[PDB]
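For reference, the structure is listed below as structure tokens.
Quick reminder, even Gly has a Cβ in these numbers, built from the backbone with ideal geometry, and neighbours come from all protein chains shown. Just so it is clear, none of the values below were taken in a lab; they were calculated from the coordinates.
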Amino acid sequence: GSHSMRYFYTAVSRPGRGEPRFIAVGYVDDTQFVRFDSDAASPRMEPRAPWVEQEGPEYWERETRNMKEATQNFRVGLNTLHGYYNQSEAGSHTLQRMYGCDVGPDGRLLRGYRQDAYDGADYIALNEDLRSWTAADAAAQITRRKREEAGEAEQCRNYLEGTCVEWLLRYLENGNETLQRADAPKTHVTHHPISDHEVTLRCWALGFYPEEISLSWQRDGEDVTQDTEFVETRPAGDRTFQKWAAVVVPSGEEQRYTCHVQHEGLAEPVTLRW
Amino acid sequence: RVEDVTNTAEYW
Amino acid sequence: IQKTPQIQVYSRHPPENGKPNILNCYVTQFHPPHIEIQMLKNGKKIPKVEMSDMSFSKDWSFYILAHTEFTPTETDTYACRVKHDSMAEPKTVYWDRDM
């Protein structure tokens, strides 16, 4: 239905050990499909999903060239902002960007993003109208002034409204069999005695995709989210995700509790009991 | 497909 | 501003004694990006440990996934130890079959 493409750039300086290192990864929804590392023996954009490998040599050459340009651009960035703030020569610094687009079920642009951060906090971002910049502070206003005088916003808006959307739809088509096919969670309940009086019921959801999922316990048919222990949704390493929720309950009362799971890959909510 | 950033390093 | 890494250690598949599996060390919510992660078996350093590409979240903080092949047994212990600037001492987290 609704989809997105996202790139994540990070450049990290290391004063005294050569130029800053630049790294990039690309995503369609929750699947990584490309990466770049400036430190690599031979720096190339590399595929990370089957459905882009088929892209021809011209595609890879271009991505690699832009990635090389980008790493130089960010090295200038780091050095320039260093000056704006007059930081010390010894410390390392980071410069981040994430950009991309969301499209609705009709395949039209829902919205575009292009946000930069310096040392882990907002620096400058392209506004939702894609025609103005929001600067987080004084240093950023300088950057903003330059981007305005060069009219870069227009270039960014063109990529996001055009290229970004067009290529997302293309990847979505080429990868439809994995990307447009939600994988239902395999769910189960484990049983862990704490004392003779208390036991832990833990509800697991395994091997699901996309990452978005709902998980919760009820007693006698209604909520008890307070007293619910969760973990953050985590990657299994094979492109699928994991999550569990747990509650400590009285011995001999396990049968009162139900676990409930909602996920795009299930037609209908699931309920489990011990 | 990534954006092209060529020759905009003076924008910082 | 430094952010302390959060750590989860867990297997890829539900663990069966004697059945080859994959052990994950998922490390999130941290800054700066530099970090040192090692996976341990019986306290000993596991040589071949692979690391994902480092990315970041909406709030800019970094995350990364380290993993290694392992075979769970009744006796062997496994753990992930993380060194980061935000922390006075390295943090070790033990793999717990039930989590």
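Identify unpaired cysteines across chain A, taking unpaired to mean no other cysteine Cβ lies under 4.7 Å from the residue's Cβ.
Flagged as lacking a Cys partner: A:156.
List the residues whose amide H sits under 5 Å from the amide H of residue A:231, counting only those 5 or more places along or on another chain, with H placed 1.01 Å from N in the peptide plane.
Correct list: A:244.
Please report A:30, A:223, A:116 as a ranked list, fewest other C-beta atoms within 10 angstrom at the top and most at the bottom.
A:223, A:30, A:116
Find out how many positive minus negative residues lie around residue A:265, taking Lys and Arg as positive, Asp and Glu as negative, among other residues whose Cβ is under 15 Å from that of residue A:265.
Spelling it out: positives minus negatives among the neighbours equals -4.
In a shell of Cβ-Cβ distance under 12 Å around residue A:188, excluding residue A:188 itself, what net charge do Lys and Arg (+1) and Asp and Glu (-1) give?
+3
Obtain the nm distance between the two label points defined at residue C:99 and residue A:197 by a simple spin-label model: each point lies 7 Å from its Cα along the Cα-to-C-beta direction.
Output for this residue pair reads 2.3 nm.
How large is the dipole of chain A about the Cα centre if only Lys and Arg carry +1 and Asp and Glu carry -1, each at its Cβ, rounded to the nearest 20 debye?
I would put it at about 880 debye.
Mind putting a number on the dipole of the stretch A:182-272 about its Cα centre? Charges go on the C-beta only, +1 for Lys and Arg and -1 for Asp and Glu, and I need it in Debye to the nearest 20.
The dipole of the stretch A:182-272 has a size of about 280 debye.
Which three extents, in angstrom, do the Cα atoms of chain A have along their principal axes, listed largest first?
70, 45, 40
Please compute the net charge surrounding residue A:230, taking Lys and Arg as +1 and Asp and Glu as -1 over other residues with Cβ under 12 Å from its Cβ.
0
Rank A:136, A:22, A:213 by how far each Cα sits towards the positive end of the charge dipole of chain A (+1 on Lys, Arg Cβ; -1 on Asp, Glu Cβ) and give me just the farthest.
A:22
Within straight cross-link reach of residue C:48, meaning Cα distance under 19 Å, which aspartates and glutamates are found once same-chain residues fewer than 8 apart are removed?
Within the straight-line cut-off, residue C:48 pairs with A:238, C:36, C:69, C:76.
Could you size up the charge dipole of the stretch A:24-72 around its Cα centre, putting +1 on the beta carbon of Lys and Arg and -1 on that of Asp and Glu, and report it in debye to the nearest 20?
Approximately 140 debye in magnitude.
From the C-alpha coordinates alone, can you work out the Kirkwood hydrodynamic radius of chain C, in Å?
Taking every pair of different Cα atoms in chain C, averaging 1/r and inverting gives 13.9 Å.
My understanding is that a pair violates if its Cα-Cα distance is over 19 Å; which of A:186/A:243; C:3/C:91; A:243/C:3 do that in this structure?
Listed pairs above 19 Å: A:243/C:3.
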